[PDB]
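Observations on the model geometry
Letter by letter, the chains look like this.
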Number of protein chains: 2
Amino acid sequence: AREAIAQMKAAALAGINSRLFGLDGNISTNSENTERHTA
Amino acid sequence: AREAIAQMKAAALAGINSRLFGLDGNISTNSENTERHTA
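Determination of this PDB entry was carried out by cryo-EM to a resolution of 4.0 Å, according to the record.

In terms of helices and strands, chain A carries one helix and zero strands. With respect to the principal axes defined by its C-alpha atoms, chain A has extents near 85 × 10 × 10 Å. In chain A, which comprises 39 residues, the share counted as buried stands at 0%. Summed over all atoms, the accessible surface of chain A reaches about 4200 Å², with 52% contributed by carbon and sulfur.

Each partner contributes residues to the interface: chain B has 11 residues there, and chain A has nine residues. Carbon and sulfur atoms supply 60% of the area buried between chain B and chain A, which totals about 1000 Å² over both sides. When the buried surface of chain B facing chain A is broken down by residue, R19(B), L20(B) and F21(B) rank first, second and third, together holding 37% of it. On inspection of chain B and its partner chain A, the count reaches zero salt bridges. Residues that form the side of chain B that touches chain A fall into these classes: five nonpolar, four polar and two charged.

Let us now look at unusual backbone geometry. Despite not being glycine, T34(A) has its phi angle at roughly 60 degrees, a positive value. On the secondary structure map, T34(A) appears in the segment after α1 (2–11). Judged by its relative accessible area of 38%, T34(A) falls in the partly exposed class. Even without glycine at this site, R19(B) takes up a positive phi of about 60 degrees. According to the relative accessible area criterion, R19(B) is partly exposed, its value standing at 31%.

The rules behind each value
- Residues numbered from 1 in each chain as written, not as in the entry; some residues may be left out.
- Chains lettered and ligands numbered in written order.
- Part of a larger assembly, values for the part shown.
- Heavy atoms only, no water.
- Helix = DSSP H or I, 4+ residues; strand = E, 2+ residues; numbered from the N terminus.
- Buried < 20%, exposed > 50% of the residue type's maximum accessible area, 1.4 Å probe, protein only.
- Areas by Shrake-Rupley, 256 points an atom, 1.4 Å probe, with all protein chains shown as cover.
- Contact = heavy atoms within 4.5 Å.
- Buried area = accessible area lost by both parts, 1.4 Å probe.
- Salt bridge = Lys/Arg side-chain N within 4 Å of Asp/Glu carboxyl O.
- Nonpolar A, V, L, I, M, F, W, Y, C, P; charged D, E, K, R; others polar.

Spelled out as structure tokens, the structure:
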């Protein structure tokens, strides 16, 4: 049975790419403006 | 789910330009006259 177990564990895991990062929360698509308006 | 949440938050915010200023109240299109009239 020691063989058959390892065959199961290996058969049920393939293609799963770990990729320890998820996604970052910090977005900056465009920097902050910091300018004014007048008439 | 930790991935899917961040995808939502990033998908629902794009193009919004912060622009921390609104508009100024002080207008001066033409300076104050301070002159008189007579006959």
